[PDB]
Each structure stands twice: as structure tokens, then as C-alpha cells.
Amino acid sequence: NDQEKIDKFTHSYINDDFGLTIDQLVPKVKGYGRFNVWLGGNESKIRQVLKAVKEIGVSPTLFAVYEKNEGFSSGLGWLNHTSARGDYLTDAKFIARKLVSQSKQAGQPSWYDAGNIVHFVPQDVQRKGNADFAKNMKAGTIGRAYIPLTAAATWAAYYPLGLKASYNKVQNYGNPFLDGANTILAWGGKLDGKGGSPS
């Protein structure tokens, strides 16, 4: 039931804490990503970061879960989103505001890699994905923030087979939505809970 976990995840608001608090998050993430490389695992700086993104409108749970699953990568700021700003706090707030913008963006799913064109997603699958995104992917949701912008995000949300090299013919891509859901549950969170808000 990976698709069920993906669906619950992509359709949540980016400010959904998934039943986890910052207190519960800090010990879980201190060894991962830039909580480790940038902050050396220091709990007060981790709290500073999580509180800051929360104030902007990004759930500390989503931020931490994505940072854990993305990891550190040379040249990129939090969540491997783009080029790193000048300091860790400026970068967290930059990416938080960027994620809030993207979660409200217009768009439609991207079914093929514009840089390695292989048309392979079945037509009826594209129809279902296009319709869900237009009708059910609300403003301020995780799905809306990522799906329109890359083919890999569209495949992860709507056709996970496309992530495999055997299908897209370029390489194996990870699924951030599935990995995020599994980390939340592994950490004692919930996908079938109250939820978030569009604030």
C-alpha cells in the first residue's frame, strides 16, 4: 500500500506536523543532513531552525523528514532545494518561504523528462494524474509544491514505476513522498490524523 502512503503524503498541507512535535523531532534528526554537517547536531540550533521554518508556514516535521531523506549535498542548502544562502538560518528561512510559494503555484504534472525525453507513462495514468492534480491537489499542499516542477516528482506521486531505470531509461530515482511517509510513521507520526491548514 505504498500508493496509499504516497497519496496521503502528497495531499497533506506543508504545515501539517503529522502528529510530531519539535521536541520529538530534535533527537531524531540531529545526526542527519545539515543538522549534522552545518549545526554539528547542536540541539539549540536545530530548535532555532525548526521554530523558524514553522513560523514561516512549513511544518517542522516535513522539513526534518525531507532533510533526513535528502541528506547533505555539496553546494545546496536545506532539503537540497537550490544553491545555499550565506548562513544556515538565512538558508532555512529562504527555503521555507520558497516552499510556501511553490505550494500555492499553478501548474500541471510533468510526465516526461524534458532533458531525457522518453514518453512511456500510459495515457489513462496521465489522465488520472492530471485530473487529481487539477481537482484534488489543494493550495498549500506538498504535492502542489513539487509535482509540476520535475518529472521525477510527478512519477513519485502518480506513477512510481517511472522512477525505475527500466522505465525512464535514464536512472533510478528515489521517491521523496514514500520515503517521507515511512520516516514519519517510523518516528511515531500519523498520516491519517487531523492534518494541516492552508495558512
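When you see a residue number, it is the position in the sequence shown, counting from 1.
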### Task
Higher average CA B factor in the deposited record is what I'm after, so tell me if that's 150-158 or 165-173.
165-173
### Message
Please place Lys98 in the lowest, middle or highest third of its chain according to the CA B-factor in the PDB entry.
### Response
middle
### Message
Is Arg144 in the lowest, middle or highest third of its chain when residues are ranked by C-alpha B-factor?
### Response
lowest
### Query
By its CA B factor, does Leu76 count among the lowest, middle or highest third of the modelled residues in the chain?
middle
### Query
So where's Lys135 on the chain's Cα temperature factor ranking, which third?
highest
## Note on the structure
Binned into thirds over the chain's modelled residues, the C-alpha B-factor of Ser83 lands in the middle
